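The next block is structure.cif, given as mmCIF, C-alpha atoms.
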data_data
#
loop_
_atom_site.label_atom_id
_atom_site.label_comp_id
_atom_site.auth_asym_id
_atom_site.auth_seq_id
_atom_site.Cartn_x
_atom_site.Cartn_y
_atom_site.Cartn_z
CA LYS A 1 12.58 -17.07 38.02
CA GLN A 2 13.15 -16.15 34.36
CA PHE A 3 10.00 -17.93 33.14
CA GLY A 4 7.71 -15.55 35.02
CA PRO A 5 9.61 -12.54 33.73
CA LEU A 6 9.80 -13.70 30.10
CA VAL A 7 6.10 -14.58 29.98
CA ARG A 8 5.31 -11.08 31.25
CA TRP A 9 7.79 -9.67 28.72
CA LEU A 10 6.22 -11.68 25.90
CA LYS A 11 2.71 -10.63 26.93
CA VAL A 12 3.87 -7.01 26.92
CA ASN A 13 5.50 -7.47 23.51
CA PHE A 14 3.10 -9.71 21.56
CA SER A 15 0.00 -7.75 22.59
CA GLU A 16 1.71 -4.53 21.50
CA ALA A 17 2.99 -6.17 18.29
CA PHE A 18 -0.43 -7.34 17.09
CA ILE A 19 -1.98 -3.95 17.88
CA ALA A 20 0.81 -2.28 15.90
CA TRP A 21 0.51 -4.75 13.01
CA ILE A 22 -3.24 -4.08 12.89
CA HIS A 23 -2.38 -0.38 12.85
CA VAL A 24 0.21 -1.11 10.15
CA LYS A 25 -2.37 -2.77 7.89
CA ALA A 26 -4.76 0.11 8.56
CA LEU A 27 -2.20 2.57 7.21
CA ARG A 28 -1.66 0.13 4.34
CA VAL A 29 -5.41 0.27 3.75
CA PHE A 30 -5.32 4.06 4.14
CA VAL A 31 -2.74 4.18 1.35
CA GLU A 32 -3.51 2.66 -2.09
CA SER A 33 -7.26 3.20 -1.64
CA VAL A 34 -6.83 6.94 -2.19
CA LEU A 35 -5.21 6.08 -5.55
CA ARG A 36 -7.29 3.10 -6.70
CA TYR A 37 -10.58 4.72 -5.71
CA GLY A 38 -10.86 8.45 -6.17
CA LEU A 39 -10.26 11.08 -3.50
CA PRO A 40 -12.58 14.09 -3.61
CA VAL A 41 -11.78 14.49 0.08
CA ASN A 42 -11.66 10.86 1.28
CA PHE A 43 -12.66 7.35 0.30
CA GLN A 44 -15.53 5.27 1.70
CA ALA A 45 -13.69 3.04 4.17
CA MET A 46 -15.44 -0.14 5.30
CA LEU A 47 -14.00 -3.50 6.30
CA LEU A 48 -14.91 -7.19 6.32
CA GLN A 49 -14.63 -10.41 8.34
CA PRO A 50 -13.02 -13.85 7.81
CA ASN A 51 -14.73 -16.85 6.25
CA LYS A 52 -14.25 -20.63 6.47
CA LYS A 53 -14.11 -22.83 3.34
CA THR A 54 -16.51 -20.65 1.31
CA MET A 55 -14.02 -18.04 0.06
CA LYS A 56 -14.23 -19.41 -3.50
CA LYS A 57 -17.83 -18.19 -3.52
CA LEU A 58 -16.84 -15.03 -1.62
CA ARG A 59 -14.26 -14.20 -4.29
CA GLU A 60 -16.97 -14.79 -6.91
CA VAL A 61 -19.39 -12.58 -4.97
CA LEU A 62 -16.82 -9.80 -4.53
CA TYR A 63 -15.60 -9.83 -8.14
CA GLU A 64 -19.17 -9.43 -9.40
CA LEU A 65 -19.59 -6.24 -7.37
CA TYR A 66 -16.11 -4.94 -8.22
CA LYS A 67 -15.95 -5.58 -11.98
CA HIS A 68 -18.77 -3.08 -12.50
CA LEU A 69 -17.05 -0.77 -10.00
CA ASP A 70 -13.60 -0.65 -11.61
CA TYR A 71 -4.31 -9.71 -7.47
CA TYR A 72 -7.83 -8.29 -7.41
CA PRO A 73 -9.85 -5.57 -9.20
CA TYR A 74 -10.31 -3.89 -5.78
CA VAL A 75 -8.21 -3.11 -2.71
CA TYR A 76 -7.24 -6.05 -0.50
CA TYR A 77 -4.66 -6.95 2.15
CA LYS A 78 -4.43 -10.43 3.65
CA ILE A 79 -3.75 -10.67 7.38
CA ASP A 80 -3.49 -14.24 8.66
CA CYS A 81 -1.92 -15.34 11.95
CA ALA B 1 -16.31 5.67 -19.14
CA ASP B 2 -13.99 4.86 -16.24
CA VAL B 3 -11.33 7.08 -17.84
CA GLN B 4 -13.46 10.15 -17.06
CA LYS B 5 -13.45 9.12 -13.40
CA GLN B 6 -9.65 8.90 -13.31
CA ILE B 7 -9.36 12.35 -14.91
CA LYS B 8 -11.05 14.09 -11.99
CA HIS B 9 -9.15 11.90 -9.53
CA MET B 10 -5.91 13.35 -10.91
CA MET B 11 -7.29 16.89 -11.15
CA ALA B 12 -8.20 16.56 -7.49
CA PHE B 13 -4.59 15.49 -6.88
CA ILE B 14 -2.72 18.20 -8.81
CA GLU B 15 -4.94 20.88 -7.28
CA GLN B 16 -4.23 19.33 -3.87
CA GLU B 17 -0.48 19.55 -4.51
CA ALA B 18 -0.83 23.27 -5.25
CA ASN B 19 -2.79 23.78 -2.03
CA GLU B 20 -0.47 22.02 0.43
CA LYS B 21 2.69 23.77 -0.78
CA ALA B 22 0.79 27.05 -0.49
CA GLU B 23 0.09 26.33 3.19
CA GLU B 24 3.72 25.48 3.93
CA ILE B 25 4.73 28.91 2.62
CA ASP B 26 1.72 30.38 4.44
CA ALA B 27 3.24 29.04 7.65
CA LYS B 28 6.71 30.07 6.43
CA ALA B 29 5.56 33.66 5.82
CA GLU B 30 4.68 33.98 9.53
CA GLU B 31 7.38 31.72 11.00
CA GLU B 32 10.12 33.93 9.58
CA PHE B 33 8.18 37.16 10.18
CA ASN B 34 8.16 36.99 13.98
CA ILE B 35 11.84 36.00 14.07
CA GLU B 36 13.14 38.47 11.46
CA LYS B 37 11.44 41.32 13.34
CA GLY B 38 13.17 40.50 16.63
CA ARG B 39 16.50 40.19 14.82
CA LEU B 40 16.42 43.77 13.50
CA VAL B 41 15.11 44.95 16.88
CA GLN B 42 18.12 43.45 18.69
CA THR B 43 20.67 45.03 16.34
CA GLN B 44 18.90 48.39 16.55
CA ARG B 45 18.88 47.91 20.32
CA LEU B 46 22.64 47.34 20.22
CA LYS B 47 23.02 50.47 18.10
CA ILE B 48 20.86 52.54 20.45
CA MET B 49 22.53 51.22 23.62
CA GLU B 50 26.09 52.09 22.55
CA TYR B 51 25.06 55.63 21.57
CA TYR B 52 23.37 55.70 24.97
CA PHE C 1 6.96 13.13 -19.11
CA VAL C 2 7.88 10.19 -21.36
CA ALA C 3 7.25 9.81 -25.09
CA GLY C 4 7.89 6.50 -26.78
CA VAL C 5 7.09 3.84 -29.35
CA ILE C 6 5.59 0.35 -28.95
CA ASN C 7 4.31 -2.22 -31.44
CA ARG C 8 0.59 -2.71 -32.05
CA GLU C 9 0.57 -6.36 -30.92
CA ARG C 10 1.64 -5.46 -27.36
CA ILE C 11 -0.34 -2.24 -26.76
CA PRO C 12 -3.56 -3.72 -25.12
CA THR C 13 -1.64 -5.74 -22.52
CA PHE C 14 0.68 -2.77 -21.94
CA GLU C 15 -2.08 -0.40 -20.80
CA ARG C 16 -3.58 -3.20 -18.71
CA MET C 17 -0.29 -3.44 -16.82
CA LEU C 18 0.17 0.35 -16.88
CA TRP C 19 -3.20 0.84 -15.18
CA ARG C 20 -2.27 -1.90 -12.69
CA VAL C 21 1.06 -0.92 -11.09
CA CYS C 22 0.97 2.86 -11.55
CA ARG C 23 -2.63 2.69 -10.26
CA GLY C 24 -3.30 6.38 -9.84
CA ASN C 25 -3.37 6.72 -13.60
CA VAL C 26 -1.39 8.04 -16.55
CA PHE C 27 -3.56 9.49 -19.30
CA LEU C 28 -2.43 7.29 -22.18
CA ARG C 29 -2.71 8.40 -25.80
CA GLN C 30 -3.29 5.63 -28.32
CA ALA C 31 -2.33 6.39 -31.92
CA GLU C 32 -1.08 3.88 -34.50
CA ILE C 33 1.74 4.76 -36.89
CA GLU C 34 1.45 4.03 -40.63
CA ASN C 35 3.35 1.62 -42.97
CA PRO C 36 5.81 -0.70 -41.18
CA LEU C 37 9.23 0.41 -39.97
CA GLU C 38 12.07 -1.79 -38.80
CA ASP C 39 14.57 -1.63 -35.95
CA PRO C 40 17.38 -3.99 -37.06
CA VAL C 41 17.00 -7.09 -34.89
CA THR C 42 13.85 -6.16 -32.91
CA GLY C 43 11.55 -5.71 -34.55
CA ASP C 44 11.80 -6.76 -38.19
CA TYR C 45 9.25 -4.85 -40.30
CA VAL C 46 6.38 -4.14 -37.90
CA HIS C 47 3.96 -1.18 -37.72
CA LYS C 48 4.20 0.33 -34.24
CA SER C 49 2.28 2.86 -32.14
CA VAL C 50 3.12 5.99 -30.14
CA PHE C 51 2.17 6.78 -26.54
CA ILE C 52 2.17 9.70 -24.10
CA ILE C 53 3.22 9.42 -20.42
CA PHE C 54 2.78 12.97 -19.04
CA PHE C 55 1.53 12.19 -15.44
CA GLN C 56 3.07 15.45 -13.99
CA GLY C 57 4.14 13.67 -10.79
CA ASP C 58 7.89 12.95 -11.21
CA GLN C 59 7.77 9.98 -8.82
CA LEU C 60 5.96 7.50 -11.06
CA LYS C 61 8.74 8.01 -13.65
CA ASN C 62 10.58 5.14 -11.94
CA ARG C 63 7.40 3.03 -11.90
CA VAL C 64 6.85 3.42 -15.66
CA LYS C 65 10.44 2.97 -16.86
CA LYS C 66 10.45 -0.62 -15.61
CA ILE C 67 7.23 -1.21 -17.56
CA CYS C 68 8.69 0.45 -20.66
CA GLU C 69 11.65 -1.94 -20.59
CA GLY C 70 9.48 -4.92 -19.63
CA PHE C 71 7.29 -4.47 -22.70
CA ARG C 72 10.42 -3.48 -24.71
CA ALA C 73 9.30 0.01 -25.73
CA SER C 74 11.62 2.47 -27.46
CA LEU C 75 11.44 5.97 -25.99
CA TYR C 76 12.75 9.28 -27.35
CA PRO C 77 12.95 12.79 -25.83
CA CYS C 78 10.29 15.22 -27.02
CA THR D 1 -8.28 -19.14 11.39
CA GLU D 2 -7.84 -16.64 8.57
CA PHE D 3 -8.79 -12.97 8.43
CA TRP D 4 -10.28 -11.22 5.41
CA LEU D 5 -9.92 -7.50 4.89
CA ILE D 6 -11.57 -5.72 1.95
CA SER D 7 -12.48 -2.05 1.54
CA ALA D 8 -15.06 -0.99 -1.06
CA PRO D 9 -14.97 2.78 -1.71
CA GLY D 10 -16.63 4.69 -4.55
CA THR D 11 -25.35 5.88 1.00
CA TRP D 12 -22.46 3.69 -0.12
CA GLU D 13 -21.99 2.60 3.50
CA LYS D 14 -25.49 1.14 3.24
CA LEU D 15 -24.16 -0.99 0.38
CA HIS D 16 -21.88 -2.34 3.09
CA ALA D 17 -25.12 -3.35 4.80
CA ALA D 18 -26.11 -4.95 1.49
CA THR D 19 -23.01 -7.13 1.87
CA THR D 20 -24.29 -8.10 5.32
CA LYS D 21 -27.25 -9.65 3.48
CA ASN D 22 -24.74 -12.27 2.32
CA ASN D 23 -24.97 -13.96 5.73
CA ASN D 24 -23.80 -17.35 4.43
CA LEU D 25 -20.35 -15.86 3.70
CA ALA D 26 -19.40 -13.55 6.59
CA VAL D 27 -20.65 -11.00 9.12
CA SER D 28 -18.48 -8.16 7.66
CA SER D 29 -17.98 -5.82 10.61
CA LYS D 30 -17.18 -2.12 10.18
CA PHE D 31 -13.71 -1.44 11.75
CA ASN D 32 -13.81 2.35 11.58
CA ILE D 33 -10.55 4.02 10.54
CA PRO D 34 -9.96 7.69 11.42
CA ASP D 35 -9.02 10.33 8.88
CA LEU D 36 -5.23 10.41 8.60
CA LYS D 37 -3.06 13.27 7.39
CA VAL D 38 -2.68 13.33 3.61
CA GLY D 39 -1.32 15.88 1.15
CA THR D 40 1.40 14.09 -0.80
CA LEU D 41 1.18 12.09 -4.02
CA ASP D 42 4.89 11.43 -4.59
CA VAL D 43 5.52 10.39 -0.98
CA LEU D 44 2.29 8.37 -0.79
CA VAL D 45 3.44 6.16 -3.67
CA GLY D 46 6.84 5.70 -2.03
CA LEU D 47 5.22 4.88 1.30
CA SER D 48 3.33 2.01 -0.38
CA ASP D 49 6.59 0.12 -0.86
CA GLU D 50 7.69 0.97 2.69
CA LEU D 51 4.34 -0.17 4.11
CA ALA D 52 4.78 -3.40 2.15
CA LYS D 53 8.23 -3.79 3.70
CA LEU D 54 7.12 -2.95 7.24
CA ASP D 55 4.12 -5.29 7.17
CA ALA D 56 6.14 -8.42 6.38
CA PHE D 57 8.77 -7.61 9.02
CA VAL D 58 6.32 -6.84 11.84
CA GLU D 59 4.16 -9.93 11.29
CA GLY D 60 7.25 -12.10 10.83
CA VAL D 61 8.81 -10.88 14.08
CA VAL D 62 5.50 -11.56 15.84
CA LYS D 63 5.52 -15.16 14.55
CA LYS D 64 8.80 -15.76 16.39
CA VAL D 65 7.16 -14.59 19.65
CA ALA D 66 4.69 -17.45 19.34
CA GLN D 67 7.54 -19.92 18.81
CA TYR D 68 9.38 -18.53 21.86
CA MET D 69 6.19 -18.98 23.91
CA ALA D 70 6.51 -22.76 23.50
CA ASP D 71 9.92 -22.61 25.19
CA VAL D 72 8.36 -21.42 28.46
CA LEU D 73 5.99 -24.22 29.49
CA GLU D 74 5.19 -25.95 26.15
CA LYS D 75 -0.74 -24.95 21.79
CA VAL D 76 -2.86 -22.71 24.01
CA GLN D 77 -4.03 -19.54 22.25
CA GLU D 78 -4.04 -16.94 25.03
CA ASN D 79 -2.84 -13.93 22.98
CA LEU D 80 -5.13 -11.34 24.52
CA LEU D 81 -5.22 -7.89 22.92
CA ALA D 82 -6.21 -5.05 25.31
CA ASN D 83 -8.04 -7.58 27.54
CA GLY D 84 -9.73 -9.07 24.49
CA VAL D 85 -9.45 -11.90 21.96
CA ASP D 86 -7.97 -11.22 18.52
CA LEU D 87 -11.32 -11.63 16.77
CA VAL D 88 -13.11 -9.34 19.22
CA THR D 89 -10.33 -6.74 19.12
CA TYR D 90 -9.99 -6.51 15.33
CA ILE D 91 -13.77 -6.22 14.97
CA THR D 92 -13.77 -3.01 17.06
CA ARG D 93 -10.23 -1.62 17.05
CA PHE D 94 -9.05 1.77 15.79
CA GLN D 95 -5.93 3.89 15.55
CA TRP D 96 -4.94 4.76 19.11
CA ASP D 97 -4.28 8.45 18.14
CA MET D 98 -1.69 8.81 20.94
CA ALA D 99 0.53 5.82 20.23
CA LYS D 100 0.49 7.03 16.61
CA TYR D 101 -0.42 10.71 16.47
CA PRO D 102 -2.96 11.62 13.75
CA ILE D 103 -1.70 15.20 13.64
CA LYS D 104 1.75 13.95 12.64
CA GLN D 105 2.77 12.81 9.17
CA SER D 106 1.16 9.43 8.51
CA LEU D 107 3.58 8.70 5.65
CA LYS D 108 6.94 9.23 7.37
CA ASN D 109 6.47 10.18 11.02
CA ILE D 110 3.63 7.89 12.15
CA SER D 111 5.01 4.99 10.12
CA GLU D 112 8.57 5.17 11.46
CA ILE D 113 7.28 5.56 15.03
CA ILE D 114 5.46 2.25 14.61
CA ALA D 115 8.56 0.90 12.85
CA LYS D 116 11.15 1.93 15.44
CA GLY D 117 8.77 1.03 18.26
CA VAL D 118 8.26 -2.51 16.96
CA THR D 119 11.95 -2.97 16.16
CA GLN D 120 12.80 -1.95 19.72
CA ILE D 121 10.70 -4.84 21.03
CA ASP D 122 11.96 -7.09 18.22
CA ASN D 123 15.65 -6.69 19.02
CA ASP D 124 15.27 -6.70 22.81
CA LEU D 125 13.09 -9.82 23.04
CA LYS D 126 15.42 -11.64 20.64
CA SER D 127 18.36 -10.97 22.97
CA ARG D 128 16.47 -11.53 26.23
CA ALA D 129 15.03 -14.91 25.20
CA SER D 130 18.52 -16.03 24.17
CA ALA D 131 19.60 -15.61 27.80
CA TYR D 132 16.66 -17.69 29.06
CA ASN D 133 17.42 -20.33 26.43
CA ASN D 134 21.06 -20.35 27.55
CA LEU D 135 20.16 -21.23 31.14
CA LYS D 136 17.66 -23.86 29.97
CA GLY D 137 20.25 -25.69 27.86
CA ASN D 138 22.87 -25.75 30.62
CA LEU D 139 20.35 -27.20 33.08
CA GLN D 140 19.79 -30.06 30.63
CA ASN D 141 23.56 -30.56 30.64
CA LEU D 142 23.33 -30.69 34.44
CA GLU D 143 20.89 -33.56 33.91
CA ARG D 144 23.22 -34.99 31.25
CA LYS D 145 26.18 -34.95 33.65
CA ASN D 146 24.00 -36.94 36.07
CA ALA D 147 23.31 -39.61 33.43
CA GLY D 148 25.19 -42.55 31.95
CA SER D 149 27.77 -44.89 33.41
CA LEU D 150 29.67 -43.97 36.57
CA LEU D 151 32.92 -43.46 34.65
CA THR D 152 31.33 -40.56 32.76
CA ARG D 153 28.58 -39.37 35.12
#
Please rewrite the model in this file as structure tokens.
Amino acid sequence: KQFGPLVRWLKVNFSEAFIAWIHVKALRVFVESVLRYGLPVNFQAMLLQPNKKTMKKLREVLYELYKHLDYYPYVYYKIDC
Amino acid sequence: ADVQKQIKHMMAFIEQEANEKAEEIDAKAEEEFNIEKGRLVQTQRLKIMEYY
Amino acid sequence: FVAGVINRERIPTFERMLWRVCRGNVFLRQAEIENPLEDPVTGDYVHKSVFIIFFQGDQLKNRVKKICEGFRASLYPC
Amino acid sequence: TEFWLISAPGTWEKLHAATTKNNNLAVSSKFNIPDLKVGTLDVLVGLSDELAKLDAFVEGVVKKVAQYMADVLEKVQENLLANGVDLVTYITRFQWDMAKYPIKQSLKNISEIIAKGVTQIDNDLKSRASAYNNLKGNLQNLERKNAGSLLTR
């Protein structure tokens, strides 16, 4: 009897927790990008997508674009589950 | 070169700090105005009702 | 506002860290003092440099005082 | 699987499409974020430490929910998010604007509402799963009392 209730309670909780944690990292990306990059009114907010076993080249590709622009020389927040 | 960018980032910030505290007194100048007016009305009502 | 003194050998890594953790910015003034002075045990006969920490914000004062002690800077009230 | 999350401010959003030309690295979706209420520089710096504190607590409490899911029927990744997988949700999510009001203060008010809301589910599910684990352990003792020699069973 308690297994059916706890699985419904976990599905109510864990789906709301991941949506809140994604909203928490979005506020964390909203902050510290207004200070690193300038704020005339707002910053140019874009995002990215995960990568498998090629992130050593992705870090090399991102640092080449960011060293001329400007721990990283840009804004970054890891979110791995 | 990048130092001249960070100058106008801060000058955008300090001017923004002057703006937002001006709006919170802009709201305060009308939030107290409609409640101070009814306060003197009620006491002048209580003065004019006793002499009535 | 903070005014203070730091040696010449630690000033380029100081502003690299000062740009890093403050990260809005503080408009740093770089100016080297003349012929070497000496605080008694640290440091013995070194020519230092002044700096200027205005920043106008009065919140980043906590975030710079840790850096001023971490790089062992000597600060005086102006 | 990991998840990478990089903003590049400085059109410039077409330089985001120039990063889509790097197809051998990632797809690099957009994930539009609405304009939040700003206006503080002192409180924004202080909120950066609080957002760092709230991020580690909320993800860490969520990791215990996955461990408590193995206590139910013992692997399977069925964590659907708004009738969607976690990759498909995060590619096209946004701020809900009603669960966290954009008109309210994003530094204090919208952050603590997400904080007290998550901590309400964190404390309640920690206590509720302890009751279901208490009945599961005693039923194993009911199987342990029906085991062994006849002098002890």
Reference answer for the PyMOL selection byres ((chain D) within 8 of (chain C)), as number ranges by chain: D: 41-42, 45
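Our summary of the geometry notes that CA of residue 60 (chain D) is positioned 24.1 Å from CA of residue 44 (chain D).
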How close does each residue of chain C get to chain A, giving the shortest atom pair and distance in Å to one decimal for every residue with an atom at most 12 Å away, counting only C-alpha atoms, sorted by chain and residue number, as JSON lines?
{"residue": "C:16", "atom": "CA", "partner": "A:73", "partner_atom": "CA", "distance": 11.6}
{"residue": "C:17", "atom": "CA", "partner": "A:71", "partner_atom": "CA", "distance": 12.0}
{"residue": "C:19", "atom": "CA", "partner": "A:36", "partner_atom": "CA", "distance": 9.7}
{"residue": "C:20", "atom": "CA", "partner": "A:73", "partner_atom": "CA", "distance": 9.1}
{"residue": "C:21", "atom": "CA", "partner": "A:36", "partner_atom": "CA", "distance": 10.3}
{"residue": "C:22", "atom": "CA", "partner": "A:35", "partner_atom": "CA", "distance": 9.2}
{"residue": "C:23", "atom": "CA", "partner": "A:36", "partner_atom": "CA", "distance": 5.9}
{"residue": "C:24", "atom": "CA", "partner": "A:35", "partner_atom": "CA", "distance": 4.7}
{"residue": "C:25", "atom": "CA", "partner": "A:35", "partner_atom": "CA", "distance": 8.3}
{"residue": "C:26", "atom": "CA", "partner": "A:35", "partner_atom": "CA", "distance": 11.8}
Coordinates-based distance that separates CA of residue 40 (chain B) from CA of residue 22 (chain B) (Å, one decimal): 26.8 Å
Target residues per the PyMOL selection byres ((chain A and resi 24) around 8), formatted as a PyMOL selection string: (chain A and resi 20-23+25-28) or (chain D and resi 51+54-55+111+114)
Top pick for closest residue to chain B, considering C:14, C:71, C:27, C:45 and counting all atoms listed in the file: C:27
Selection near region 47-54 of chain C, 10 Å with only C-alpha atoms, sequence-local residues under 6 positions removed, as a VMD selection string: chain C and resid 1 to 11 25 to 38 60 to 61 64 73 to 75
Output of the PyMOL selection byres ((chain A and resi 18) around 10), listed as a ChimeraX atom specification: /A:13-17,19-24,81 /D:58-59,62,79-81,86,90,118
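Rounded to one decimal, CA of residue 51 (chain A) and CA of residue 22 (chain D) lie 11.7 Å from each other.
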Per-residue nearest contacts of chain B to chain D (10 Å; all atoms listed in the file) as a Markdown table:
| residue | atom | partner | partner_atom | distance |
| --- | --- | --- | --- | --- |
| B:10 | CA | D:41 | CA | 10.0 |
| B:13 | CA | D:41 | CA | 7.3 |
| B:14 | CA | D:41 | CA | 8.7 |
| B:16 | CA | D:39 | CA | 6.8 |
| B:17 | CA | D:39 | CA | 6.8 |
| B:18 | CA | D:39 | CA | 9.8 |
| B:19 | CA | D:39 | CA | 8.6 |
| B:20 | CA | D:39 | CA | 6.2 |
| B:21 | CA | D:39 | CA | 9.1 |
Residues of chain B within 12 Å of chain C, counting all atoms listed in the file, as a JSON list (two decimals) with C-alpha atoms, in the coordinates of the input:
[["chain", "number", "residue", "atom", "x", "y", "z"],
["B", 2, "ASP", "CA", -13.99, 4.86, -16.24],
["B", 3, "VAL", "CA", -11.33, 7.08, -17.84],
["B", 4, "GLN", "CA", -13.46, 10.15, -17.06],
["B", 5, "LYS", "CA", -13.45, 9.12, -13.40],
["B", 6, "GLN", "CA", -9.65, 8.90, -13.31],
["B", 7, "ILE", "CA", -9.36, 12.35, -14.91],
["B", 8, "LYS", "CA", -11.05, 14.09, -11.99],
["B", 9, "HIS", "CA", -9.15, 11.90, -9.53],
["B", 10, "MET", "CA", -5.91, 13.35, -10.91],
["B", 11, "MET", "CA", -7.29, 16.89, -11.15],
["B", 12, "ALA", "CA", -8.20, 16.56, -7.49],
["B", 13, "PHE", "CA", -4.59, 15.49, -6.88],
["B", 14, "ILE", "CA", -2.72, 18.20, -8.81],
["B", 15, "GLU", "CA", -4.94, 20.88, -7.28],
["B", 17, "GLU", "CA", -0.48, 19.55, -4.51]]
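Closest to chain A among B:35, B:25, B:1, B:46 is B:1, based on only C-alpha atoms.
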Best match for closeness to chain A among D:88, D:25, D:103, D:113, counting all atoms listed in the file: D:25
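Minimum atom-to-atom distances from A:30, A:44, A:3, A:68 to chain B were compared using all atoms listed in the file, and the lowest value belongs to A:68.
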Please, which residues in chain A fall within 8 Å of chain B when counting all atoms listed in the file, and what is the closest atom pair and distance in Å to one decimal for each, ordered by chain then residue number, as a Markdown table?
| residue | atom | partner | partner_atom | distance |
| --- | --- | --- | --- | --- |
| A:38 | CA | B:9 | CA | 5.1 |
| A:39 | CA | B:9 | CA | 6.2 |
| A:40 | CA | B:12 | CA | 6.4 |
| A:70 | CA | B:2 | CA | 7.2 |
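You can rank D:121, D:85, D:70, D:98 by their closest distance to chain A using all atoms listed in the file, and at the top of that list sits D:121.
With only C-alpha atoms as the atoms that count, the residue of D:20, D:138, D:48, D:133 with the shortest distance to residue 29 (chain A) is D:48.
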Can you patch up region 8-19 of chain A, filling it in to N, CA, C and O atoms, and show the result as a CSV table (one decimal), in the coordinates of the input?
chain,number,residue,atom,x,y,z
A,8,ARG,N,5.8,-12.4,31.1
A,8,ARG,CA,5.3,-11.1,31.2
A,8,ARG,C,5.9,-10.2,30.2
A,8,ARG,O,5.3,-9.2,29.7
A,9,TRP,N,7.2,-10.5,29.8
A,9,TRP,CA,7.8,-9.7,28.7
A,9,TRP,C,7.2,-10.0,27.4
A,9,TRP,O,7.1,-9.1,26.5
A,10,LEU,N,6.8,-11.3,27.2
A,10,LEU,CA,6.2,-11.7,25.9
A,10,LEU,C,4.8,-11.2,25.8
A,10,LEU,O,4.3,-10.8,24.7
A,11,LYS,N,4.1,-11.1,26.9
A,11,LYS,CA,2.7,-10.6,26.9
A,11,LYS,C,2.7,-9.1,26.7
A,11,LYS,O,1.7,-8.6,26.2
A,12,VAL,N,3.8,-8.4,27.2
A,12,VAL,CA,3.9,-7.0,26.9
A,12,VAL,C,4.2,-6.8,25.5
A,12,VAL,O,3.8,-5.8,24.9
A,13,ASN,N,5.0,-7.7,24.9
A,13,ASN,CA,5.5,-7.5,23.5
A,13,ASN,C,4.5,-7.9,22.5
A,13,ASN,O,4.2,-7.2,21.5
A,14,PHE,N,3.9,-9.1,22.6
A,14,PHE,CA,3.1,-9.7,21.6
A,14,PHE,C,1.7,-9.0,21.5
A,14,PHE,O,1.1,-9.0,20.4
A,15,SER,N,1.2,-8.5,22.6
A,15,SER,CA,0.0,-7.8,22.6
A,15,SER,C,0.2,-6.4,21.9
A,15,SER,O,-0.7,-5.9,21.2
A,16,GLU,N,1.4,-5.8,22.1
A,16,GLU,CA,1.7,-4.5,21.5
A,16,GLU,C,2.1,-4.7,20.0
A,16,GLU,O,1.9,-3.8,19.2
A,17,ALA,N,2.6,-5.9,19.7
A,17,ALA,CA,3.0,-6.2,18.3
A,17,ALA,C,1.8,-6.4,17.4
A,17,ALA,O,1.7,-5.9,16.3
A,18,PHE,N,0.8,-7.1,17.9
A,18,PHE,CA,-0.4,-7.3,17.1
A,18,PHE,C,-1.3,-6.1,17.0
A,18,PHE,O,-1.9,-5.9,15.9
A,19,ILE,N,-1.3,-5.2,18.0
A,19,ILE,CA,-2.0,-4.0,17.9
A,19,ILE,C,-1.3,-3.0,16.9
A,19,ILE,O,-1.9,-2.2,16.2
